2 protein chains.
Amino acid sequence: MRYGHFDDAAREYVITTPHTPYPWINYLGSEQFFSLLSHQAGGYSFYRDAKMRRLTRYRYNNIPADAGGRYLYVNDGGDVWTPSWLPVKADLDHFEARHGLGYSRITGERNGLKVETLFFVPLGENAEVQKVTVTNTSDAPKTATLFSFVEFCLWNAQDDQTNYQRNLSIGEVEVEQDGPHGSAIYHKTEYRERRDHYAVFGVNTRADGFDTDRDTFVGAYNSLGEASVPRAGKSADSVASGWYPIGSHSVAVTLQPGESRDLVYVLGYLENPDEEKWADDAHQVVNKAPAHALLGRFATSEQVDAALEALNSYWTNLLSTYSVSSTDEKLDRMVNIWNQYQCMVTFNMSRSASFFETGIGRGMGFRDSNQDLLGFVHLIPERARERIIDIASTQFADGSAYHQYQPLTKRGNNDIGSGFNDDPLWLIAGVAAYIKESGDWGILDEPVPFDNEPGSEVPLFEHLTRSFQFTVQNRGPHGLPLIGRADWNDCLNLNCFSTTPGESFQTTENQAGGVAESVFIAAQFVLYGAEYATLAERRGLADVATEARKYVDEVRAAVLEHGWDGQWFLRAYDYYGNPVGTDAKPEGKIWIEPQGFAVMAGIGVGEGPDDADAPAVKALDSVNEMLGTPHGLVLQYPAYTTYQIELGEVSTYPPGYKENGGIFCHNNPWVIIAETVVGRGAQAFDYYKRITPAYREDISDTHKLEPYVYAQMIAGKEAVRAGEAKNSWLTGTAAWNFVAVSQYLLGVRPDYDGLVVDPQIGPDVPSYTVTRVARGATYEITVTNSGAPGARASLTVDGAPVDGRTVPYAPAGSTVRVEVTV
Amino acid sequence: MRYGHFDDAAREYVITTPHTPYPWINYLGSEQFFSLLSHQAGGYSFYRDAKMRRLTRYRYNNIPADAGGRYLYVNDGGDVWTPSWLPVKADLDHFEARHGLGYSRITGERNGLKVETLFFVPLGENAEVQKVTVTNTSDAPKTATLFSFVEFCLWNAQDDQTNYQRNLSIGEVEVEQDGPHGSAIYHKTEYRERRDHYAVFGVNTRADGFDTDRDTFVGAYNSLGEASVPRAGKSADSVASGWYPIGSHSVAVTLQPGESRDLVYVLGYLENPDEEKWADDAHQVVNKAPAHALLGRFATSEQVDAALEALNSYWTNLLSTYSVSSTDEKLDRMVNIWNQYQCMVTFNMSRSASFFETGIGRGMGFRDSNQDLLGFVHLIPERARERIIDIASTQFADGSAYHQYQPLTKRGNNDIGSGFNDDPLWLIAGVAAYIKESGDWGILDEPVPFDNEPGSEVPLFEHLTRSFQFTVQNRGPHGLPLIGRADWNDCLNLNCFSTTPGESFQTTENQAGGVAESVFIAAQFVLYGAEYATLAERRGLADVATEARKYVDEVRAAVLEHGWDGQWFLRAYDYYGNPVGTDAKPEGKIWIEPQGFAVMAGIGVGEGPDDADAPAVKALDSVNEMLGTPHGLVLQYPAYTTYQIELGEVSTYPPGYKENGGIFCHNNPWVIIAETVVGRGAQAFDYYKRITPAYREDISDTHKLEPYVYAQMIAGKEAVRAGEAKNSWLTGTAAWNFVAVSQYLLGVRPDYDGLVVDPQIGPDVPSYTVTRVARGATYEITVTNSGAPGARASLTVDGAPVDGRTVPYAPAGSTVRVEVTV
Ligand SMILES: OC[C@H]1O[C@@H](O)[C@H](O)[C@@H](O)[C@@H]1O
Ligand SMILES: OC[C@H]1O[C@@H](O)[C@H](O)[C@@H](O)[C@@H]1O
Ligand SMILES: OC[C@H]1CNC[C@@H](O)[C@@H]1O
Ligand SMILES: OC[C@H]1CNC[C@@H](O)[C@@H]1O
């Protein structure tokens with residue numbers, strides 16, 4: 001079954017019923033202000049930081065899911081309905097929701113009134129704009145009253161949901177029925193005290209009335225679907241004191257058959273300078289000047305359209321860097337539109353706020369945001385540059401880092417734990433990807449503090465050496481990196497041994513001592529140690545480079561001497577020195593992570609894809625056979641059926657979910673990439689398809705979640721719910737699959753000195769063209785692809801053959817035509 | 001005006017409508033297992049700790065409030081209603097809720113079927129029991145199906161509300177349709193790993209069907225009021241796999257005219273020893289032995305009835321220690337039943353969990369639980385004894401203390417601030433009140449650790465000297481004690497100067513240095529220093545005691561010299577040594593806390609009530625004119641209207657709410673007692689009435705909250721919501737009004753060496769009889785009361801005049817008959 005369809009020329013997903021398996025959201029904004037907007041207008045907005053400047057309230061795990069958003073009640077001769085369907089659930093004659101790039105449109109129609117709302121966040125604005133179009137589609141005149149409705153949150157979302165003993169007495173508003181462009185309500189809780197910010201909610205007309213108190217608008221004993229005020233047909237003009245502030249205006253309209261009326265609502269975030277906080281000497285009345293300017297910038301429909309068109313241009317421009325034209329429309333929509341758009345969202349959000357992440361505990365993750373860079377550097381490299389500086393500034397002098405930082409302050413914290421030993425190497429991954437993309441070697445000279453200490457600055461490159469050295473100087477008895485709290489796998493906690501319930505494995509104190517080692521970090525080290533060595537060489541650091549290559553060689557050797565189980569790579573050595581991820585144990589025999597990542601590091605790669613003796617092939621065959629499902633590859637097999645105290649969080653999940661046998665999609669691209677490395681493009685593309693939204697759309701009732709974005713977790717073969725996703729949108733799966741398909745499958749990837757063109761996608765895509773802008777020049781890459789196992793490309797460039805697969809960067813402004821034969 | 005009525009004979013509050021101004025709850029349980037139960041069956045249950053072992057889920061700030069709890073859906077002929085009204089909101093022919101002592105009864109009748117439910121927690125049981133009686137009140141046979149419903153919480157309430165990215169994949173149940181006594185569902189999330197406990201929801205019959213998955217029982221897009229399963233008329237027999245586990249059973253019932261059937265439901269908390277967790281070698285099936293036993297303990301109506309009777313007998317016995325019979329039946333019901341019942345609840349909950357406190361951040365407050373002891377020591381001295389040891393154990397070697405502790409673990413934490421300089425003297429308050437009550441001098445020798453440290457034990461008495469020495473050694477330039485983070489008033493943060501939004505004043509870093517002093521702590525030290533000296537004197541420490549009365553003298557003199565403003569006591573000196581609470585300032589001229597506390601401490605007491613030169617009289621008159629309202633006494637006047645950086649949290653509330661001009665009811669009994677001390681019984685009694693539930697029942701539509709219990713805060717005169725309460729139930733107001741009324745108004749108060757009988761209540765209660773069991777003997781105290789201003793008692797005892805107002809303690813088993821003339 002399906003609940004909608006892609007509309008490629010519009011760059012939209014079209015949702016054709018409110019009755020989806022799960023609320024399906026879009027993200028509005030790409031800069032500093034963000035909205036979670038469901039296909040039923042549910043969700044909330046925040047500025048910079050979902051925990052600390054949340055404008056509007058949303059309830060996770062509500063009954064039913066997603067009753068809470070931007071609503072417009074229509075009262076037409078006493079019948080009340082919402083075009084978003086929820087919360088009133090009155091029958092609609094027509095319903096449709098279109099999720100586009102930075103905007104969505106939701107349309108509902110009932111009994112001769114059609115209400116279309118366009119939602120979006122304009123460029124350069126901290127605001128969410130709604131353009132509502134009301135049309136009489138009947139053959140007789142209509143008169144209705146439209147009540148807009150938003151529920152404010154008291155800024156600090158955690159305090160909002162836990163600290164009523166204080167916060168029910170602090171809610172404050174001002175109401176401006178007769179502003180310069182229409183009516184406005186101001187939410188200004190704590191502006192009396194330390195906050196220099198307030199929210200506005202306004203309409204571009206003089207409203208008949210307003211409401212700012214939730215209880216008065218909705219009524220005692222009532223849900224949002226039964227709200228009293230729209231039922232009464234007029235606003236109660238409530239002025240909140242404490243309790244639950246809201247924004248609501250009423251507008252009565254009269255429309256002849258065929259007539260429409262537009263209305264423009266704005267939810268704005270405003271700041272004032274401290275000296276300019278107040279309109280009056282007594283410090284009682286907020287200074288509204290920037291709110292009046294914001295409302296003036298969206299007083300008309302034309303102004304809305306001009307901003308929407310600018311958003312469209314801005315996206316056409318972002319999507320002009322990498323595109324593909326082939327015989328597979330599903331592939332193409334992923335590569336051209338959806339995966340790139342998701343990559344922008346993960347770049348902005350990290351893992352903080354979705355319909356599963358609550359915008360509370362999670363800030364910007366050190367590993368998470370470093371890997372997000374891999375699928376972002378080609379979109380806006382100047383913002384990737386800034387992000388690298390921000391991440392590296394949260395690293396400590398010893399090369400270890402804060403596991404994550406607060407988006408508002410850019411300062412690291414331990415709220416989700418510390419001492420994760422794979423973290424430091426991700427910084428080198430990010431920087432290597434960025435320099436390959438841009439050629440901005442100068443970033444290595446950027447002075448960058450440790451833990452934000454003014455005066456602690458060292459060149460960025462020097463931070464990378466701290467990362468590299470951290471791993472060098474923390475190896476265990478087999479030459480493999482000490483694991484610490486956990487490696488990439490947050491739930492592989494070998495230094496934990498917790499018997500205390502309800503204390504987080506992520507934050508709980510760890511045992512000093514033991515000998516726990518990670519085969520994954522070892523592989524990570526070989527992969528990114530190699531890049532580090534390259535940057536040292538280019539920095540003129542000959543001895544540092546030689547020394548670095550010797551270490552990489554040691555660790556690579558140790559993976560082969562001590563990290564091999566026979567038919568696959570080992571996962572780890574536990575606190576006691578016993579092997580993890582071996583055929584000698586009944587459960588957790590084979591783990592996916594070191595298979596993909598060791599093979600990507602080139603460890604155990606032999607003659608070619610038919611070399612059944614090469615460890616890499618053996619490892620990937622055991623991944624196919626033991627980990628493969630129709631939905632993707634599960635993390636380990638078998639999943640743990642009992643609590644294993646030496647292994648930490650992992651075995652606390654029921655089998656088939658999350659890190660215990662779930663398909664953790666983020667690591668699937670590693671196996672995809674590995675498969676292209678050994679020359680099995682067909683199987684790599686197969687793996688790509690199994691987890692990719694466009695190919696899974698036709699099973700929307702099994703996947704449940706958004707059919708146009710990747711999810712973190714798809715339940716595994718050992719789950720009752722096998723194939724059902726959780727944790728859509730915010731996942732490194734997006735950036736990693738974009739790396740996989742754009743760079744390894746399709747084969748077009750920047751190197752330091754040229755653009756590598758090395759297709760390995762197999763026979764299902766026999767011809768295609770990639771348009772890639774790199775370093776100011778456009779490469780038109782025409783591929784004729786046999787898909788024959790281990791067949792690798794030859795190139796001709798502008799009519800002349802070249803050797804190997806690297807095309808040196810042509811000068812800015814040129815167009816290079818590459819002709820590729822596989 | 002009223003929404004119910006008291007039922008004194010039954011010791012109940014009878015709620016005669018679903019449509020109250022707010023949800024009105026009861027607490028069930030007095031030992032280790034507790035339930036919050038609204039008059040619509042809303043709320044939840046927890047074992048020992050509301051944060052860490054919460055069994056069932058509840059949503060604060062739901063729309064509407066309190067849609068969630070223990071529901072019984074009745075399907076009669078396809079018509080679906082709940083006898084709690086909510087969530088279905090069906091018209092009922094009859095509705096009633098009775099909240100009793102440790103139990104409640106909720107009855108709803110619709111279309112010939114009456115369903116009554118008794119909820120209670122049985123003594124000795126970690127369970128909530130519901131005995132349902134369905135009656136056919138029509139003249140023709142009837143049939144219906146009943147669906148029970150409870151929604152589980154995943155134990156850690158904070159994780160439950162914030163950590164879906166993990167916890168949507170962990171929910172686990174088992175279903176036992178054919179158990180020994182009926183059907184049961186087991187909620188066993190994380191029993192797989194660190195938890196040795198699970199929950200059971202069962203019924204004493206073989207249910208027709210069951211549901212454990214929330215989404216299937218309620219249905220997509222539906223609220224609890226629209227739940228699909230009851231409307232369909234048949235259970236879906238859902239077995240949860242993650243998402244949201246629930247307990248539901250269907251039971252088909254058939255009833256002749258006038259016939260009823262009892263059903264008994266049990267929600268239980270069970271643990272197994274680690275070595276008996278599992279029924280099976282493979283560890284997949286929970287050991288149900290304890291749950292079967294529990295369900296067999298409530299298999300019949302008879303067992304339920306016998307346990308309700310033992311609960312009644314337990315309350316009669318708790319309430320036999322202090323009673324009054326007077327001409328004022330509002331006074332009587334307060335003293336005899338409600339104020340004591342509330343005291344039990346505050347003893348058990350501290351300020352952790354109500355319909356306002358969320359059972360997350362607030363554990364067992366140091367200050368709060370010490371003061372709760374004052375109203376509790378006469379109820380169950382042995383439990384008070386143990387609480388003193390628990391509390392004192394969270395004190396540090398230098399006499400300061402953890403500001404609160406975690407109920408489950410008994411360990412201090414800093415989660416809501418540290419370094420509150422009033423905290424340490426409350427330990428003296430509580431121990432003195434306990435020794436006066438019990439004469440248990442030997443508790444002073446109890447060995448007690450510092451900060452639960454093994455081998456740090458010293459006698460309890462030494463803890464009290466560390467408390468006492470903390471103040472003597474932390475005085476500022478006027479000889480008044482340094483305030484630290486705050487004193488009693490959590491929002492007076494003089495070492496704060498915070499300009500950063502969104503960090504809690506309670507918890508934010510404080511400035512070192514400065515000279516900030518508290519007049520409140522000074523009065524506290526005068527009162528409780530004296531008590532300490534007496535304890536030292538009894539132990540024969542004449543050196544210690546002499547030195548101690550000297551310091552008390554120095555502090556008393558510092559209050560008169562540097563803590564007096566002209567017509568009232570100063571509040572504080574700020575960081576820079578500027579006076580706080582002085583007529584020279586425009587706002588916050590007079591603050592209540594030092595007025596009542598200084599006068600309670602005997603400071604500025606003169607010749608009698610008519611001594612117009614006496615500081616105590618001028619302070620109390622100023623309280624009356626400037627702070628007095630029909631609803632009680634506001635905390636300070638005038639309230640601050642702009643943020644005062646140097647005073648911290650206080651000026652951040654809008655005027656008239658909480659610490660900024662709210663009536664903070666906890667500090668009113670201090671003014672009450674001060675007036676008695678000074679000889680103005682009439683005025684003291686008036687203040688008592690203003691804030692007292694039985695006297696405010698007539699304005700239920702203004703108080704809004706429960707009319708049978710004290711609330712923390714009544715909005716003061718500068719608030720638009722003047723008279724509206726927030727934060728009911730959990731307030732030190734309960735202990736302090738009980739002290740005021742029983743010990744100072746009625747006048748019967750245990751001292752170290754005899755029972756003081758010193759009525760001071762004025763002319764509105766001209767005769768009464770108190771029955772006071774004290775040290776094993778019973779005192780029948782018959783008061784005849786002129787109410788003449790300043791007139792104090794003379795006593796005759798068993799026919800013979802005695803000198804003074806102290807009746808030396810008679811031996812255990814005696815009845816002493818005391819005759820009182822005022
Ligand atoms: O703190 C964040 C982590 O929480 C863990 O419990 C989950 O299993 C991980 O997937 C997640 O990354
Ligand atoms: O930590 C709890 C404290 O929170 C403050 O915000 C409130 O004003 C106090 O009344 C309360 O005792
Ligand atoms: O454990 C695997 C992943 C879980 N989510 C957060 C990621 O950083 C981590 O790699
Ligand atoms: O600030 C006054 C009161 C606030 N609530 C908790 C109490 O500890 C405190 O005295």
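So that the names make sense, note that chain A is the first sequence line, chain B the second, and so on, each numbered from 1. Both counts, for ligands and for their atoms, begin at 1 and track the order of listing.
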For atom 4 (C) of ligand 4, what is the closest protein heavy atom, and at what distance to 0.1 Å?
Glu659(B) OE2, 3.4 Å
For atom 8 (O) of ligand 1, the closest protein heavy atom turns out to be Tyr653(A) OH, 2.6 Å
Which of the numbered atoms in ligand 1 are below 4.0 angstrom from a heavy atom of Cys491(A)?
8 (O)
What do we get for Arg362(A) next to ligand 1 when only non-hydrogen atoms under 4.0 Å count, side chain, backbone, both or neither?
side chain
Answer yes or no: is there a donor N or O on one side and an acceptor on the other, between the side chain of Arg367(A) and the main chain of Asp487(A), under 3.5 Å?
yes
Ring centroids only, cut at 6.0 angstrom: are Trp670(A) and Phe520(A) within range, meaning strictly under it?
yes
Identify, for atom 5 (C) of ligand 1, the protein heavy atom at the shortest distance, and state residue, atom and that distance.
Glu649(A) OE2, 3.5 Å
Is the gap between the ring centers of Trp729(B) and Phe356(B) under 6.0 Å?
no
Note: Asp490(B), heavy atoms under 4.0 Å from ligand 4, region reported as both
Side chain to side chain donor-acceptor pair (under 3.5 Å) assessment of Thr162(A) paired with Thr358(B)
CA-CA 6 Å; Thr162(A) 62; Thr358(B) 52; 5.3 Å; no
If you compare all heavy atoms of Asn495(B) against all heavy atoms of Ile483(B), which two are closest, and at what distance to 0.1 Å?
ND2-CG2, 4.2 Å
Which residue and non-hydrogen atom of the protein lie closest to atom 9 (C) of ligand 3, and at what distance in Å?
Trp488(A) O, 3.2 Å
Counting each atom of ligand 3 from 1 as listed, which ones have a heavy atom of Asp368(A) under 4.0 Å away?
6 (C), 7 (C), 8 (O)
For atom 10 (O) of ligand 1, closest protein heavy-atom neighbour
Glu659(A) OE2, 2.7 Å
Distance from atom 12 (O) of ligand 1 to nearest protein heavy atom, with residue and atom:
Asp490(A) OD2, 2.6 Å
Can you tell me if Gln506(A) has a non-hydrogen atom under 4.0 Å from ligand 3?
no
Go through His403(B) and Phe420(B) one step at a time and tell me if the ring pair (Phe, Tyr, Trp, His ring centres under 6.0 Å) criterion holds.
CA-CA 7 Å; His403(B) 189 58; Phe420(B) 290 90; 3.6 Å; yes
I'd like to know if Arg166(B) pairs up with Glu649(A) as an ion pair, taking the criterion as any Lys NZ or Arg NE/NH1/NH2 lying under 4.0 Å from an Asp or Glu carboxylate oxygen.
yes
For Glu659(A), is there any backbone N or O sitting under 3.5 Å from a side-chain donor or acceptor partner on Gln636(A)?
yes
Near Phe664(A), which atoms of ligand 3 are under 4.0 Å from a heavy atom of that residue?
2 (C), 3 (C), 4 (C)
A student checking ligand 3 against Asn489(A) at a 4.0 Å heavy-atom cut-off should list atoms 1 (O)
Minimum-distance protein heavy atom relative to atom 1 (O) of ligand 1
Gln506(A) CG, 3.6 Å
Hey, does the side chain of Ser518(A) reach the backbone of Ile521(A) with a donor-acceptor pair shorter than 3.5 angstrom?
yes
Using a distance-only test with no angle check, is there a side-chain donor-acceptor pair under 3.5 angstrom linking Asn510(B) and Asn493(B)?
no
Per-atom filter on ligand 3: closer than 4.0 angstrom to a heavy atom of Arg362(A) are 6 (C)
Near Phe664(A), which atoms of ligand 1 are under 4.0 Å from a heavy atom of that residue?
10 (O)
Are side-chain N/O atoms of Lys658(A) and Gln712(A) paired as donor and acceptor at under 3.5 Å?
yes
Specify the protein heavy atom at minimum distance from atom 4 (O) of ligand 1: its residue, its atom name, and the distance to 0.1 Å.
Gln165(B) NE2, 3.1 Å
